[PDB]
């Protein structure tokens, strides 16, 4: 129709006329519109069929299809793709028709196939690893959650060793320990750590204001990245503030510090092995930084992580929690969906600002400031002090 093409042109121009935050708001609006305009039968069909996207992406990842197509300068027919990748000719045709219909690939007028934005996305190793994670680790736990809750008469999950994960994988270990005994899952998890989210807290964090008159002399630590993974926060901080004095220290487990050496700068950033369930060794640091750490633990273990940092803090020291802060109402699907997944797999939860302050007050901490850096799904650097 001419009406739908005018809608498309119009929303495209609006999207190009705003920033990434405006586009994310428009995308949420398009989603709400779809749900409001669908027939009752469309609703059931949508819930049933959108499940195929992860399964079909997983297949195409297994075949190298997205990485392959991303490197093609000319449209590819189904037959030449089936033959180059080792897939049955009829199976490939059907996968591609489904993929094109959800824009996983683009289909041409002569029934050939080029890459779309999603094809390029699924070719990026860190992002492909997120999709594979969702298939092999998230799906079994979501599949087990409804019968788990029914057998337990619908409890409030607060224990990482008593959730749907234990039923889904027939184990009594928590997810973290169980993952170490699985080599193929660790390999995908290692690639997941190389994906860097953008934007990051340094786009709005007023470091010079939060610094105040704090002195790095003699050799105090400016930034202690606790569970910092590949050290992306450390790297970005030195990049944005190359003249600010103080040690910048990456803290994680020895296996991931070794992997992080491939991409760390030759100097500037220290690598310090540390299990954050043990007392913090670095004393008097200005910023103790926890990005997407505490979300992965129930309140009682998340508190224990904080209590292990408190004894090392001066009056000028701050604990910076960089994590989701969903609002008390109007929370979006990306910050409530995650809440259901980590409940089912880790026994943890997303936390509103109020729940973050209540958790922190138990460790003797007080919220000094909150600096949001994504919208409309809230990620914020929360700055906590003592007293």
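Residue numbers count along the first chain shown, from 1.
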- prompt: Do the CA atoms of 74 to 82 or those of 311 to 319 have the higher mean B-factor in the entry?
  reply: 74 to 82
query: Between 259 to 267 and 119 to 127, which has the larger average Cα B-factor in the PDB entry?
result: 259 to 267
- line: Per the deposited B-factor column, the C-alpha that peaks among 251, 213, 137, 203 belongs to 213
task: Just grab whichever of 102, 158, 145, 224 has the top CA B-factor as deposited.
output: 158
field: Ranked against its chain, the third holding the CA B-factor of residue 340
entry: lowest
task: Relative to the other modelled residues of the same chain, rank the CA B-factor of residue 332 and answer lowest, middle or highest third.
output: lowest
query: Hey, what third does residue 22 fall into on Cα B-factor, ranked over its chain?
result: middle
field: residue 207 - which third its CA temperature factor falls in, relative to the rest of the chain
entry: middle
- prompt: If you rank every modelled residue in this chain by C-alpha B factor, which third holds residue 286: lowest, middle or highest?
  reply: lowest
